[PDB]
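As structure tokens, the structure follows; a few thoughts come after it.
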Amino acid sequence: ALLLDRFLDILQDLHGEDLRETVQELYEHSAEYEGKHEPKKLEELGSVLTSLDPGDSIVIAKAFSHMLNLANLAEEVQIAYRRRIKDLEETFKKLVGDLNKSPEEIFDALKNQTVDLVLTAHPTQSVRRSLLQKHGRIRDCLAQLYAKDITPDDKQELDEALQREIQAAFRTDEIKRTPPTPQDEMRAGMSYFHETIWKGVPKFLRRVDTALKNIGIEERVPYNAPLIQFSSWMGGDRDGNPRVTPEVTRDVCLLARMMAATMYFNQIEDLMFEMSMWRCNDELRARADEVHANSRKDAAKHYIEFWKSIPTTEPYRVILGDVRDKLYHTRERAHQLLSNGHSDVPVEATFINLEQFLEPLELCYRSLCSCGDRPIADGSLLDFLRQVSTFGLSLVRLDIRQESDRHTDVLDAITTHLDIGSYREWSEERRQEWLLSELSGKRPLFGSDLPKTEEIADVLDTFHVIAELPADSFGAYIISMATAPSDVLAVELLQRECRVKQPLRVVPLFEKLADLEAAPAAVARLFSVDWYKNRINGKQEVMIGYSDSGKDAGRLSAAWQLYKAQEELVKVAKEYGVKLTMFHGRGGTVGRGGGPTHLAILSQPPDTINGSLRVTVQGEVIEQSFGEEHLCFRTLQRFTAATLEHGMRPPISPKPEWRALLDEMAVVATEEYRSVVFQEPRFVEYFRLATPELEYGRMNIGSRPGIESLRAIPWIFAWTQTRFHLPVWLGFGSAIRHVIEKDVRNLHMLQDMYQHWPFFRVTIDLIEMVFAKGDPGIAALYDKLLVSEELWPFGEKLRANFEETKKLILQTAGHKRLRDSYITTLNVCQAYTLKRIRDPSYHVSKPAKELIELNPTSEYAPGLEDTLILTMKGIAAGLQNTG
Amino acid sequence: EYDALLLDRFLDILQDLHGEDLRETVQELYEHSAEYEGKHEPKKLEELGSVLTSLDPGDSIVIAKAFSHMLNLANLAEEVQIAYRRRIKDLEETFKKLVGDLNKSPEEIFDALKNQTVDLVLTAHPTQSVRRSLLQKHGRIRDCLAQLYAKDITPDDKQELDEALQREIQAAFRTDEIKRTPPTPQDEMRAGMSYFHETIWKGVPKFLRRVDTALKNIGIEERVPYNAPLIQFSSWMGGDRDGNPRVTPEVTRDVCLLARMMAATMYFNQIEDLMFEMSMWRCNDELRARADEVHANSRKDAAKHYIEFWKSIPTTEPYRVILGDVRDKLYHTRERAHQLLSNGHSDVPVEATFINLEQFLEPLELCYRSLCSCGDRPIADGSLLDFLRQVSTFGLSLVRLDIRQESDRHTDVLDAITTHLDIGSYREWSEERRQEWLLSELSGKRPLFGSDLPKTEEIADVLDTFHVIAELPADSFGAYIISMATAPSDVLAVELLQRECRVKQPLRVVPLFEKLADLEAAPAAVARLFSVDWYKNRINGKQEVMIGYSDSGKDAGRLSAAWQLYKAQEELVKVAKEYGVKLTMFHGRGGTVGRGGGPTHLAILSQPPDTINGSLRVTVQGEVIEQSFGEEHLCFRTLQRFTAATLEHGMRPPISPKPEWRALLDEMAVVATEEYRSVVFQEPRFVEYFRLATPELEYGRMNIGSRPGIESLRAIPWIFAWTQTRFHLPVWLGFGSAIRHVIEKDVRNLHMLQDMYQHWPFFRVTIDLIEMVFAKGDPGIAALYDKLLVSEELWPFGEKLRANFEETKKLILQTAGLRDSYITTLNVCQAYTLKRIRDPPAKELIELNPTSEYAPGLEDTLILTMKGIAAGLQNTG
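Here the protein sequences come in this chain order: C and D. Read left to right, the first sequence gives residues 35 to 120, 138 to 756, 764 to 874, 888 to 915, 929 to 967 (PDB author numbering). Read left to right, the second sequence gives residues 32 to 120, 138 to 756, 764 to 872, 889 to 911, 931 to 967 (PDB author numbering).
Right, dumping it as structure tokens:
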């Protein structure tokens, strides 16, 4: 309520009483709809929207969008405060009490536990960063306000500050007028490091240490223990995105490296200031004397502090002073290498190794601990240690992704130019034999004179860029649409042949349901190749996509097949004695495998993680989980706690009756899904009309330029905007009804399954949440306003199934806020605006001094396109999910 | 409750580092010291000393360390308790009182506030006892303590803050507290400037915002102009070369390029974030046209040297265009200063940087006009306003540097010049000749000396400093202060030497009158200077003159010095008013009351009325820098008290002394000076007794500063000697005979003293300060030092003083109507240690001093005692 009157006061101070009154009326009508649920109100509301001027409608959509965002920040502040006035400690206590597990078991499993969070630039972040920062300032002011230690004048100053920050957010054009470059996406992603993650990681480790001491473990978490890691796809994932050129990958690698160098350099001078002790071992004494021998008695005027040669009285300052020299030259080199194509800085003057950096700091730690100064060592020096051993010389290791067909094109050009055949036409067997003979052979393959296409040269040049850059700046090479060992061996061959000194691991991505059903067989065949099993060194990573699985088949069928896939992949890896780490391509929306993280981890089959996890963070989720101190801490918290329990507390393994039951149920679910999304021939026609899917690309979120043949992100987006959520719940109705029809005691067995099998419980509960965010009257309005009089009953069929499915869900679970008002308003505005857009009549270097002049190149009516983009932004904000 | 918590914490760490035995000995010392500070039985003092004699050399070092660090913790405790007790309820009070009491209107307060300036100048005077490496640790400790003294602690946060405070105390105790080599002037300037890029830089905008809030609480919706110079910062670090030959010209170059590079770095770190904020699209036709101009010459390039915004910024967000140009010029200013400092030259084009103080300001001012015009005034009064005030307050070089030099050096230079020109000897010339010659050369157009002038190392020192001033930007400098200035010829000499060394923009010259003889005759000299029409016509109606406080109370009494200072200020204002010159007076105040220290608002109120008038300039002596800018709250309270006191002294004039009070204080001053010089100069054995009863000689062992007959000593160790022994002789000496003689001459003069203390602010402040100094004193300490270090012979001498002490104290009150335990322990340790002083890698404390002429553990223990006592009294010198 406070955010409303504040906002409306600013809106009145910027646009007059009349417009604020119109917004107020819209809120009242929307309130009567979300209250009495009379559909008449919707039309009663729509009328008020038709009269609105072209500029005024833009102001209205702006207003309800910004109020939605303010509601989000309010929610975060209230959650943080209500939580603070009162998990890791709880998880430890439960693991000790419930499962009789000892503290040293928790500590040992915790040391050998790894959580690899990889950030992606998938176009799901609706709000632009220019406005996101303002959101951060607003939640900062609100956090300082929701408190009871305000000193009057401080409250007044924070009031003026919050007012000017809201006014600043409203005075920015929220619409990206040009799509970002991949470099811009990488910048937006990495901004969360030098603001939250960089300082958040040491604090999190310290909290884990405190809990461990609350279990009786005086020992501390080893600094080199990889409890959490950060990887990135920004600038590396080039699947379907030709804008990710090789030069882009070079750009993001040199970029991240220069950011890291800058951070370390800013930290090191203060660290030198603190380490003012004089007691050290004989070891550190000898090393510091070594540095003081080649001390370079010079002016050293390029530094501000400590420009005089550091005396041996304070040896830690000697050693860390050398660390500072190598950090200054590492930063200077990375800066020149980035800006210009070259550097005169000697490589020996920098840090080239991941732990050439660590060695001196490790030595200082050993010294402090040996001389009795361990408390001092477990302070800034330990924080710095963990920062190094977590972020390294380049904050994130970069992943590369590419579809198999491009590798096949390359190899085909290679075999054709070598006059040995055509790799494409070759069977799988031939590919394996040839690739193996070339991998074990010593003769070069292609040459400088290979006829290459722009695509072929793209992939080859990416491998050359990988070869030219340091090895610790890269992660894994992920193959999209991977089906056979020949694709992996193809990437290994292309890597070695492009002279990649230290080749990075190859990892398959199984995302389509057909690939997940047959994935364990393929991975087993890959492990059958002795050369590959002997190079892989007992470690293998495989990616498991979630977006496209629930797109071609049902959501239920996709979830179940994902579970089976994980289980049998672990079975294969155990059969070959290989440590398997699985890479979960989870989204933000439940339709693409999203949901609460700990529920997603618990819903994984037991003994499939084993202290090694890898999860994607799709663009928008980055802000959701790292935009504030508290959010980031809750992130590392939820991940490590859920993983640790799933390691020591295995989820129940499904009873065989549950196996057969979910197999049949999955068959019925897939038939029910493809029945309405593929068998119905008019379905695509109805979809392109009842949802705002086509307009998604207008938001310019990402850098990426048949319903089966579309991306999963706008697929979930379309049914999310209309608040119908078809892909989330479709198959479940017919699945359940067929299971109770076949047998009546299967109702007792469904009740049995919901209360003991975590996978089933999590799935059903997610569906119930999605129903809590849905309203069929909205989709009904979109149909009535945009779907032709013809196939009106079609949607009604769906609407029937909608309610039909929901009644079943609660029947298994045993079951019988205010922001939805704004969401409804924006829904109506979107429907009417779409009706005016798909009309012929409203189809068409100066400055701009009003909203209508912000879109000069709009094919649609002056004020319409901006209003549409505003509606999509606002609805996505209210639902806290884009796609 | 706070001090006990710091104690048990510290003793727990000390036991964890050196065993139960040593902690028990510390406890015993605390108990004995408690019985002395309670019952005041002098026997206890000797009872304490015995326990100290048995102490091993290393054990004794650990003991002195222990009580010193406990004192420091007591200081931090005091600061946190003060901040919290103040926060859980001044500018608002000052405004409300100015409106209610004096009927003054808000717009008068706003106008006077706009035209008010307070110039705080930081000095590297060697009064900062604690080394910087340890001061930082103190900052971390007070941070932990502040976060602890609160009731919103989340259990695990309290435990982690416990670990942090424990490891930080252990870190401070594990550092060698003794500076083993004195710093360089550059190091002094660095220690001084560290308070900028940590507290002042972000403290100034917040302070201005608070002033805006108060003004709106008086009804003034208008805001303080961003270019209104309410506060400024100057520096002596690297410029004051009086008696310090280590301050070379290359040092001045170093500190100027240094400070400039610091400023550039700070602005560059701010500008990228400011660009992120200014995302509006509405602007005037003005900012539209300018942004289009920049976007024309936008340099469509990769621009990969920046991290953010490396693509050419589109005109849709014009503020980002303009601020982007600001960022380019800031990057090249920083690169230029960095190369100029590092090597000594730069390939960076000057046109690519900001060379003017307000070439920087112009684009930001444009952004402000735009935001205000388009209805976005709240947005402009945010980070952009903070940035504006930061620029218009700190400029391109955080502080304008003062240069100070004694007149005799300028005279040496001129004498070489006249001798080489075969026109006479400038030294032997009378004042008249100096004035006529200097004036003829100043108004002439012919060069003076040439390349072939025979110079001494001193002559080349001053001339080369002027050449360095010429080579460097003009806005990096402040004023040229002349020590021991007596005639206009001393000022004109510096004006001529400046012009002749091709100083394009010559800086203002300001005399420094510090000795009592110079203060008595200062108005006559300044009037003679204003009588010279050429100088009055170049000075442009503005003149600054410095008034030192250290040496005044050293040769004469403290009372006589204070009164003569008041008279001096008053008659200087009379002279300047008589010549239509705006006089701004430069107060060389110390930290200790003996050198003109004390509470700041009391020092400002105790100035004669109509002597500031919206223009004030006060020094901040080294130790006072940490005292007044070491934390956010400290810095804020500093700017608060300064601006509030000055504003009140402008609108609320202090009472002018009645004539009876003038004659009375003149007589009283005669008696006071006779009383002072009677015991500090007439007694020939006084120097002998002083060099034994005080640890004065050992002061230089602390290595605080870079500077290599009692009439002939520095005032700083003079106040230090009597402050350590807690006797405070220079503070109260003359007052006794003065008062007693005034009541002797007339009995109703008692009623007139009673009358004076309750109405005249100067007198009230003086007496109250003396009472504080008495509250920090104990004659039993001086008695112990005499008994232990003064020969059996002249023992009664000190007793005579011990008499006057109590007598004077009884007079003072008659007109006016916990840490000491540790301090006492350190006192006993210091006296006994001195008695042992007059008698004939490193892996433990004793090996920290390998080049000590004294016994292995003794010198370190002495330095530790001085440090600790100074910390406990919160004053060194």
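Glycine residues also receive a C-beta, built at the ideal position from the N, C-alpha and C atoms.
Cβ distance (whole Å) where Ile652 of chain D is taken to contact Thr694 of chain D below 8 Å: By one-based count along the second sequence, residue 652 of chain D stands at place 604. By one-based count along the second sequence, residue 694 of chain D stands at place 646. About 6 Å; that satisfies the 8 Å criterion.
Chain-order list of residues whose beta-carbon lies under 8 Å from that of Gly791 of chain C (same chain, five-residue window excluded): Position 733 of the first sequence, counted from the first residue, corresponds to residue 791 of chain C. Excluding sequence neighbours, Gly791 of chain C sits near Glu723, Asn859, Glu862, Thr863 and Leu866.
Span separating the alpha-carbon of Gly645 of chain C from that of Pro88 of chain C: Mapped onto the first sequence, residue 645 of chain C falls at position 594. Mapped onto the first sequence, residue 88 of chain C falls at position 54. Near 38 Å, if we compare the C-alpha coordinates of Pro88 of chain C and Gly645 of chain C.
Test: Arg330 of chain C CB closer than 8 Å to a CB of chain D: Along the first sequence, read from residue 1 onward, the residue named residue 330 of chain C stands at position 279. Yes, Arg330 of chain C lies at the interface with chain D (some Cβ there is under 8 Å from its Cβ).
Rounded distance between the beta-carbons of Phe244 of chain C and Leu446 of chain C, thought under 8 Å: Counted from its first residue, the first sequence places residue 446 of chain C at position 395. Counted from its first residue, the first sequence places residue 244 of chain C at position 193. In this structure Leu446 of chain C is in contact with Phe244 of chain C, their Cβ atoms being roughly 5 Å apart against a cut-off of 8 Å.
Those residues which DSSP pairs with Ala527 of chain D across a bridge: Your numbering for residue 527 of chain D matches position 479 in the second sequence. In the DSSP output, where bridge partners are listed per residue, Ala527 of chain D has D:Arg556.
Assumed close pair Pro233 of chain D, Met285 of chain D - CB separation to whole angstroms, cut-off 8 Å: Reading the second sequence from its first residue, position 185 is the one you call residue 233 of chain D. Reading the second sequence from its first residue, position 237 is the one you call residue 285 of chain D. Right, the Cβ-Cβ distance comes to about 7 Å (below 8 Å), so this counts as a contact.
Near-chain C residues of the region 423-434 of chain D - C-beta to any C-beta below 8 Å: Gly423, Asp424, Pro426, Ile427, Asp429 and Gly430
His245 of chain C, DSSP secondary structure in three states: Taking the first sequence and counting its residues from 1, the one referred to as residue 245 of chain C is at position 194. Reduced to three states, the DSSP call for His245 of chain C is helix.
Cβ neighbours of residue 758 of chain D in the same chain (closer than 8 Å, five flanking residues each side left out): Placed between 756 and 764 in the numbering, residue 758 of chain D has no coordinates, as chain D goes from one to the other without interruption by modelled residues.
Counterpart residues of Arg452 of chain C in DSSP-defined beta bridges: By one-based count along the first sequence, residue 452 of chain C stands at place 401. For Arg452 of chain C, which the question treats as bridged, DSSP gives the partners C:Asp288 and C:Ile529.
Cβ-Cβ separation, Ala902 of chain C to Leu839 of chain C (assumed contact under 8 Å), whole Å: The residue you call residue 839 of chain C lines up with position 781 of the first sequence. The residue you call residue 902 of chain C lines up with position 831 of the first sequence. Between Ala902 of chain C and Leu839 of chain C the Cβ distance is about 6 Å, and since that is below 8 Å, they are a contact.
For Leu520 of chain C and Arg294 of chain C, the rounded distance between their alpha carbons: As a working note, residue 294 of chain C is residue 243 in the first sequence. As a working note, residue 520 of chain C is residue 469 in the first sequence. Taking the straight line joining both Cα atoms gives about 20 Å.
Touch test, the region 154-165 of chain C against the region 261-270 of chain C, Cβ-Cβ under 8 Å, three pairs minimum: yes
Entirely enclosed alpha helix (DSSP H) segments - the region 561-617 of chain C, minimum 4 residues: 564-568, 570-579, 581-586 and 600-603
Boundaries (first-last residue) of the alpha helix (DSSP H) holding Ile189 of chain D: Working through the second sequence from its first residue, we reach residue 189 of chain D at position 141. Run containing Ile189 of chain D: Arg180 to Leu196, per the alpha helix (DSSP H) assignment.
CB contact flag (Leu496 of chain D, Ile465 of chain D, <8 Å): Position 448 of the second sequence, counted from the start, is the residue given in the question as residue 496 of chain D. Position 417 of the second sequence, counted from the start, is the residue given in the question as residue 465 of chain D. Their beta carbons are under 8 Å apart, which means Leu496 of chain D touches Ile465 of chain D by this criterion.
C-alpha distance - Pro701 of chain D paired with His649 of chain D, whole-angstrom precision: The residue given as residue 701 of chain D occupies position 653 in the second sequence. The residue given as residue 649 of chain D occupies position 601 in the second sequence. For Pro701 of chain D and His649 of chain D, the distance between alpha carbons rounds to 14 Å.
Contacts of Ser390 of chain D in chain C (Cβ-Cβ under 8 Å): The residue labelled residue 390 of chain D in the question sits at position 342 within the second sequence. Ordered by position in chain C, the residues that pass the 8 Å Cβ test against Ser390 of chain D are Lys352 and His353.
CA-to-CA distance, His173 of chain C to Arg556 of chain C, given in whole angstroms: On the first sequence, position 505 is the one that residue 556 of chain C refers to. On the first sequence, position 122 is the one that residue 173 of chain C refers to. Between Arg556 of chain C and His173 of chain C, the C-alpha separation is close to 23 Å.
Chain C contact for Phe255 of chain D (CB, 8 Å cutoff): In the second sequence, the residue the question calls residue 255 of chain D occupies position 207. No - not a single Cβ of chain C is within 8 Å of the one on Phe255 of chain D.
Segment contact flag, the region 73-85 of chain D with the region 929-940 of chain C, C-beta cutoff 8 Å, min 3 pairs: Result no; under three Cβ-Cβ pairs closer than 8 Å.
Distance, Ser579 of chain C Cα to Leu487 of chain C Cα: For the purposes of this step, residue 487 of chain C is taken as residue 436 along the first sequence, with counting starting at 1. For the purposes of this step, residue 579 of chain C is taken as residue 528 along the first sequence, with counting starting at 1. If you take the alpha carbons of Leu487 of chain C and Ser579 of chain C, they lie about 13 Å apart.
Within chain D, partners of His515 of chain C - CB distance below 9 Å: If you number the first sequence from 1, residue 515 of chain C lands on position 464. Simply none; closest approach about 20 Å.
Paired residues, beta bridge with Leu168 of chain D - DSSP: For the purposes of this step, residue 168 of chain D is taken as the residue at position 120 of the second sequence. Bridge partners of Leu168 of chain D: D:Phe281 and D:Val666.
The region 302-318 of chain D: positions lying closer than 9 Å to chain C by Cβ: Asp302, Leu305, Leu306, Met309, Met310 and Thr313
Proximity to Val593 of chain D [Cα-Cα], best of D:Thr441, D:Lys563, D:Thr632 and D:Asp52: The residue you call residue 593 of chain D lines up with position 545 of the second sequence. Per the Cα distances, D:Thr632.
Contact list for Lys933 of chain D against chain C, beta-carbon separation under 8 Å: Working through the second sequence from its first residue, we reach residue 933 of chain D at position 843. Within 8 Å Cβ-Cβ: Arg330.
The alpha helix (DSSP H) enclosing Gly372 of chain D, as first and last residue numbers: Along the second sequence, one-based indexing puts residue 372 of chain D at 324. Unbroken alpha helix (DSSP H) run through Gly372 of chain D: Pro366 to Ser390.
Test item: CB-CB of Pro816 of chain C and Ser654 of chain C under 8 Å: As a working mapping, residue 816 of chain C is identified with position 758 in the first sequence. As a working mapping, residue 654 of chain C is identified with position 603 in the first sequence. In this structure, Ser654 of chain C lies closer than 8 Å to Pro816 of chain C by Cβ.
Within chain C, partners of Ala219 of chain D - CB distance below 9 Å: As a working mapping, residue 219 of chain D is identified with position 171 in the second sequence. Those within 9 Å of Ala219 of chain D in chain C are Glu325, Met326, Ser327, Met328, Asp424, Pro426, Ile427 and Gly430.
Chain C contact for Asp204 of chain D (CB, 8 Å cutoff): In the second sequence, residue 204 of chain D corresponds to position 156, counting from 1. With 8 Å as the cut-off, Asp204 of chain D counts as an interface residue toward chain C.
Cβ neighbours of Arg336 of chain C in the same chain (closer than 8 Å, five flanking residues each side left out): In the first sequence, the residue the question calls residue 336 of chain C occupies position 285. These residues qualify, in order along the chain: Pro366.
CB contact flag (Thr513 of chain C, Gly967 of chain C, <8 Å): Within the first sequence, residue 513 of chain C is the residue found at index 462, counting from 1. Within the first sequence, residue 967 of chain C is the residue found at index 883, counting from 1. The answer is no: Cβ separation not under 8 Å.
Extent of the continuous alpha helix (DSSP H) to which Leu446 of chain C belongs: On the first sequence, position 395 is the one that residue 446 of chain C refers to. Here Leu446 of chain C belongs to no alpha helix (DSSP H), and DSSP marks it neither H nor E.
Beta-carbon separation (whole angstroms), residue 761 of chain C vs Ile451 of chain C, contact threshold 8 Å: What the structure lacks is residue 761 of chain C: chain C is numbered 756, then 764, with the residues between left out.
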